[PDB]
Amino acid sequence: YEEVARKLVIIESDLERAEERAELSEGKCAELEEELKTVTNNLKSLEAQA
Amino acid sequence: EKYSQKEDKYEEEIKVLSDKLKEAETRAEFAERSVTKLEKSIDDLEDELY
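Residues numbered from 1 in each chain as written, not as in the entry; some residues may be left out. Chains lettered and ligands numbered in written order. Part of a larger assembly, values for the part shown. Heavy atoms only, no water.

Its PDB header attributes the entry to cryo-EM and lists the resolution as 10.2 Å.

Set out below in structure tokens:
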């Protein structure tokens, strides 16, 4: 119970971290979608310009 | 940017060709007046020779 309760806290903290990594990797992927759309739109602007 | 510079290099090729064409055409049309003047003088000299 204490091994699984402290590991429940580790696993809740690792859920908070796994979720934080879901949010951070999703948040960064979404930032990259914006960076990507920005450089894709700049590329389309430069490609249209070129 | 290289295509902006090519826009200029090609525009410069047009400008240079426009100047070279204006010279070639002006020289051709002037030289064609020298053709017609020499030719007319040749006909007049032939009328005199006749």
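Draft legend 1. Looking closely at the overall build of chain B. Helix and strand counts for chain B stand at one helix and zero strands. For chain B, the C-alpha radius of gyration of 20 Å lies well beyond 10 Å, the compact-globule estimate for 50 residues. C-alpha extents for chain B along the principal axes are approximately 70 × 10 × 5 Å. Here chain B holds 50 residues, and the buried ones make up 0% of them. For chain B, the computed accessible surface area is about 4,900 Å², with 56% contributed by carbon and sulfur atoms. (Helix = DSSP H or I, 4+ residues; strand = E, 2+ residues; numbered from the N terminus. Rg over C-alpha atoms; globule rule 2.2 N^0.38 Å. Buried < 20%, exposed > 50% of the residue type's maximum accessible area, 1.4 Å probe, protein only. Areas by Shrake-Rupley, 256 points an atom, 1.4 Å probe, with all protein chains shown as cover.)

Draft legend 2. Here's a closer look at the environment of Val35(B). All names here are of chain B. Looking at where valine 35 falls in the secondary structure, it is placed in helix α1 (residues 2-49). We classify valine 35 as partly exposed; its relative accessible area is 39%. The sequence separation of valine 35 and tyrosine 3 amounts to 32 residues, and the corresponding C-alpha distance is 44 Å.

Draft legend 3. Structural context of the environment of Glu26(A). Residues and elements named next belong to chain A. Within the fold, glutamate 26 resides in helix α1 (residues 2-49). Among the residues examined, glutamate 26 registers a relative accessible area of 52% and is labelled exposed. Each C-alpha atom, one on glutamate 26 and one on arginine 6, is 28 Å from the other, the two residues being 20 residues apart in sequence.

Draft legend 4. Broad picture of the pattern of salt bridges. All names here are of chain A. All told, the structure shown has eight salt bridges over all chains when counted by the stated rule. Two residues, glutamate 31 and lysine 28, come together in a salt bridge whose shortest N-O distance is 3.2 Å. Taken as a pair, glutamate 31 and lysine 28 lie in helix α1 at a separation of three residues, close to a single helical turn. A relative accessible area of 45% means that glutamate 31 is categorised as partly exposed. In this structure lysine 28 comes out as partly exposed when scored by relative accessible area, which is 37%. Each of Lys28, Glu31 and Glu35 takes part in a single network of salt bridges with overlapping partners. (Salt bridge = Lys/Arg side-chain N within 4 Å of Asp/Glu carboxyl O.)

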